[PDB]
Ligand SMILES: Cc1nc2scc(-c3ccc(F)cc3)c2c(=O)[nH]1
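In structure tokens, the next block holds one chain alone, the form solved without the ligand.
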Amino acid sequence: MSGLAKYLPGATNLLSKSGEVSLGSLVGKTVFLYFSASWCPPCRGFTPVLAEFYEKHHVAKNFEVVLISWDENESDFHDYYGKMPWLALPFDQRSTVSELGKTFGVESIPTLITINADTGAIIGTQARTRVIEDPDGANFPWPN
């Protein structure tokens, strides 16, 4: 099975701009769970630097980003996610988000959690700061 299945629903397809991708399709990649939302001031400041990091290195460094939304409603979720080039956990899985919140101890956002797609192993939890200090991922995946 997929390591991500140790966190997200198994038969759950993640959302994307180019169709729904399965959890299995992320095999071999390093996955970043991005905990953000619309109407979150510091999120606005972090999302672009993250996006620039993604376009520049996600292919070569083999990683993906999955938006774990804290949006109050589905419409805000879709407007917000529509501007991102990565994946996202569907809004209706509001339940899974709070669980992840506990498991990873996410008390505020923006927050990034680094996960190895295969084993489901937690590589780090401070990728939000590492990307700022090291824009080109010289020390990617930034092990805790």
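Shifts are known only where both forms have a C-alpha. In this text, residue numbers run from 1 along the sequence as written. What we label the rigid core is the largest C-alpha set whose atoms superpose within 1.5 Å from one form to the other.
Another form exists, solved in complex with the ligand; not displayed. Remarks below refer to it.
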Of the residues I113, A88, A117, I109, which one places a heavy atom within 4.5 Å of the ligand in the bound PDB entry? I109
Only one of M84, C40, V49, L100 has a non-hydrogen atom within 4.5 angstroms of the ligand in the bound PDB entry; which is it? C40
Listed range touching the ligand, judged in the bound PDB entry by heavy atoms within 4.5 Å, from 73-81, 26-34, 101-109, 59-67: 101-109
Rigid-core fit between this form and the one not shown, the member of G124, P9, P135, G120 whose C-alpha shifts 2 angstroms or more: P9
Considering a change of 3 Å or more, are the Cα atoms of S25 and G10 closer or farther in the bound PDB entry than here? farther
Consecutive stretches, 3 or more residues long, displaced between this form and the one not shown (C-alpha shift of at least 2 Å once the core is aligned): 9-11
